[PDB]
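Just add 41 to the spot in the sequence shown (first one is 1) and you have this note's numbering.
Cβ atoms here follow ideal geometry from the backbone N, Cα and C, with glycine treated the same way.
What follows is a set of notes on a single structure, which appears directly below.
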Amino acid sequence: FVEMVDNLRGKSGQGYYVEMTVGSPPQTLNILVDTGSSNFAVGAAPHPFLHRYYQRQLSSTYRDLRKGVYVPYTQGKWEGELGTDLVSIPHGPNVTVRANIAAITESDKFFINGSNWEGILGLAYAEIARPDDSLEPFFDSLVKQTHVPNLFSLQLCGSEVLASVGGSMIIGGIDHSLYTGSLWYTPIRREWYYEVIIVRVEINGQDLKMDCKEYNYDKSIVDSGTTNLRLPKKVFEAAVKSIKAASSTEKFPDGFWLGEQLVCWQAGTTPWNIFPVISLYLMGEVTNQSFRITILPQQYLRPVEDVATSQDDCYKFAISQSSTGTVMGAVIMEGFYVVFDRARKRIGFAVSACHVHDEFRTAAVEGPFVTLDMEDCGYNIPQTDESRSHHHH
Ligand SMILES: CN1C(=O)[C@]2(N=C1N)c1cc(-c3cccnc3F)ccc1O[C@]1(C)CCCO[C@H]12
Ligand code: NI
């Protein structure tokens with residue numbers, strides 16, 4: 042899969058994008074890779090933050106579906122017109138597919154100034170597509186129309202401009218040059234988000250000792266479309282307390298722990314060893330087994346280059362509070378080669394050949410850990426009448 046290696050780019054904190062083409066002849070756009078959503082949606086009108094957009098009128102193969110789509114979310118929205126057109130990934134498989142495309146005609150706090158992406162590739166399942174689960178997501182169309190195996194994998198690699206990032210999205214396979222050591226699999230609990238189950242959490246080898254359902258309240262997901270590691274309120278508080286204790290030689294302002302303020306050291310003198318490792322134990326394929334993924338402060342402290350003191354190394358705390366469950370975002374994924382094995386309803390983790398580390402510690406993937414009479418750590422989301430009333434033909 043050499044032709045797919047290094048096909049992702051982006052700016053730190055602003056998402057990873059892949060080059061895609063839409064229409065006939067091919068119109069190149071940079072598209073955010075988002076395992077936390079399920080629509081293929083592209084800028085299709087002028088916007089202050091867009092240098093270019095999908096020009097439907099320039100495409101001989103474009104078909105209008107005569108249906109609108111409205112997608113509000115926490116502090117943002119995009120909306121537009123549904124249609125289909127021919128789509129390819131120049132540095133992906135050598136195929137062209139007819140996919141659903143949402144042509145974004147209006148948006149609020151969706152596009153990001155300087156991110157260099159013009160659309161989003163929702164790689165999650167039909168259940169969370171908009172307007173409804175009948176709108177076939179891109180990857181579903183790719184698999185159905187081609188011989189491409191039902192699997193993709195992601196290797197996300199971490200003074201005037203933001204730091205550039207890079208990585209790889211391997212479509213249809215696993216590239217063994219992108220990882221070292223063992224590849225460990227956790228079940229996809231349900232096909233909507235890429236939902237998984239966390240059975241144990243340790244901070245510097247110390248168990249948080251919470252009921253494991255707290256770790257997955259109200260879900261735990263793997264999301265390339267989230268920057269941070271996001272933790273449920275109770276878990277976040279316990280984690281911050283533990284990380285504070287380990288790093289107590291340094292007294293940071295409350296702003297830092299809230300992700301609202303940078304902390305700095307003189308170039309190259311960052312005391313990495315005072316910040317603890319964080320281990321998340323994920324449910325194994327075998328009932329009473331788990332494996333752990335361990336990440337370093339190099340992952341959860343994001344470098345942000347300052348203009349006022351460019352001689353210092355400055356960092357944002359990239360663990361944040363959630364009210365919608367655990368989110369293993371770019372913070373987690375940057376340590377690992379992550380395999381979204383849809384065919385076998387599982388997610389694989391292995392140590393990434395590109396992750397940032399020092400000479401004393403490394404990001405790790407270790408197992409098995411077996412537990413006698415293991416509890417059910419999954420949370421069951423209360424069923425609303427709205428949801429219950431849906432018919433699923
Ligand atoms: C959590 N999350 C989002 O907020 C989201 N995708 C995910 N997964 C998302 C993330 C980013 C982003 C911004 C900065 C860095 N990285 C990104 F992915 C940009 C847009 C965006 O829009 C949605 C697709 C619209 C529907 C709800 O989800 C959104
Ligand atoms: Ni019915």
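Worksheet item: Is the Cβ-Cβ distance between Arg104 and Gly121 less than 7 Å?
Response: Within the sequence shown, numbered from 1, the residue matching residue 104 stands at position 63. Within the sequence shown, numbered from 1, the residue matching residue 121 stands at position 80. No, Cβ-Cβ distance for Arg104 and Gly121 is not below 7 Å.
Worksheet item: If you draw a straight line from the C-alpha of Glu278 to the C-alpha of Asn257, how long is it?
Response: In the sequence shown, counting from the first residue as 1, residue 278 sits at position 237. In the sequence shown, counting from the first residue as 1, residue 257 sits at position 216. C-alpha separation (whole angstroms): 15 Å.
Discussion item. Using only CA atoms, which one of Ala391, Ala384, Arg383, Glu232 lies nearest to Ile373?
Written reply: For this step, residue 373 is matched to residue 332 along the sequence shown. Taking only the C-alpha atoms, the option nearest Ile373 is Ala391.
Fill in: Proximity below 7 Å, CB of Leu321 to CB of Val242
Counting from one through the sequence shown, the residue named residue 321 turns up at place 280. Counting from one through the sequence shown, the residue named residue 242 turns up at place 201. Contact flag set, yes.
Discussion item. Are there any heavy atoms of ligand 2 lying less than 6 Å away from the beta-carbon of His432, as far as the coordinates show?
Written reply: Position 391 of the sequence shown, counted from the first residue, corresponds to residue 432. Result yes, Cβ under 6 Å from ligand 2.
Item to complete: Quick one: residues in its chain with C-beta nearer than 6 Å to the C-beta of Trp225, no 5 flanking neighbours on either side, listed in chain order?
Response: In the sequence shown, the residue the question calls residue 225 occupies position 184. Closer than 6 Å at Cβ, skipping near neighbours: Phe332, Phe390, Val406, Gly408.
Practice prompt. State buried or exposed for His396, treating a residue as buried only when at least 16 other CB atoms are found within 10 Å of its CB.
Written response: For the purposes of this step, residue 396 is taken as the residue at position 355 of the sequence shown. That one is buried.
Discussion item. Tell me the residue span of the beta strand (DSSP E) that contains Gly51.
Written reply: By 1-based counting over the sequence shown, the position of residue 51 is 10. Unbroken beta strand (DSSP E) run through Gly51: 49-52.
Worksheet item: Is the stretch 226-238 in contact with the stretch 162-170, if contact means three or more CB pairs nearer than 8 Å?
Response: yes
Practice prompt. Go to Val184, then tell me how far its alpha helix (DSSP H) extends in each direction, as first and last residue.
Written response: Indexing the sequence shown from 1 puts residue 184 at position 143. Taken as a continuous stretch (DSSP letters only), the alpha helix (DSSP H) holding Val184 covers 179-186.
Discussion item. With a threshold of 8 Å, are at least 3 pairs of Cβ atoms found where one atom belongs to the stretch 302-321 and the other to the stretch 278-288?
Written reply: yes
Worksheet item: What did DSSP end up calling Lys357 once you bin it into helix, strand or coil?
Response: Counting from 1 along the sequence shown, the entry for residue 357 is found at position 316. It is a strand residue.
Worksheet item: Counting along the chain, where does the beta strand (DSSP E) carrying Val74 start and finish?
Response: By one-based count along the sequence shown, residue 74 stands at place 33. 68-75 is the extent of the beta strand (DSSP E) around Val74.
Worksheet item: Hey, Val138 and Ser78 are a contact pair by Cβ (cut 8 Å); roughly how many whole angstroms apart?
Response: As a working mapping, residue 138 is identified with position 97 in the sequence shown. As a working mapping, residue 78 is identified with position 37 in the sequence shown. Actually they are not in contact, since the Cβ atoms of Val138 and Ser78 sit about 19 Å apart, beyond 8 Å.
Practice prompt. Compute every distance between the C-beta of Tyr114 and the non-hydrogen atoms of ligand 1, then say whether any falls below 6 Å.
Written response: Taking the first residue of the sequence shown as 1, we reach residue 114 at position 73. For ligand 1, at least one heavy atom lies less than 6 Å from the Cβ of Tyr114.
Worksheet item: Just to confirm, does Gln362 get its C-beta within under 6 Å of one of the non-hydrogen atoms of ligand 1?
Response: Counting from one through the sequence shown, the residue named residue 362 turns up at place 321. For ligand 1, not one heavy atom lies less than 6 Å from the Cβ of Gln362.
Worksheet item: Between the beta-carbon of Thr268 and the beta-carbon of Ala204, is there less than 7 Å?
Response: For this step, residue 268 is matched to residue 227 along the sequence shown. For this step, residue 204 is matched to residue 163 along the sequence shown. Going by C-beta atoms, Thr268 is not nearer than 7 Å to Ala204.
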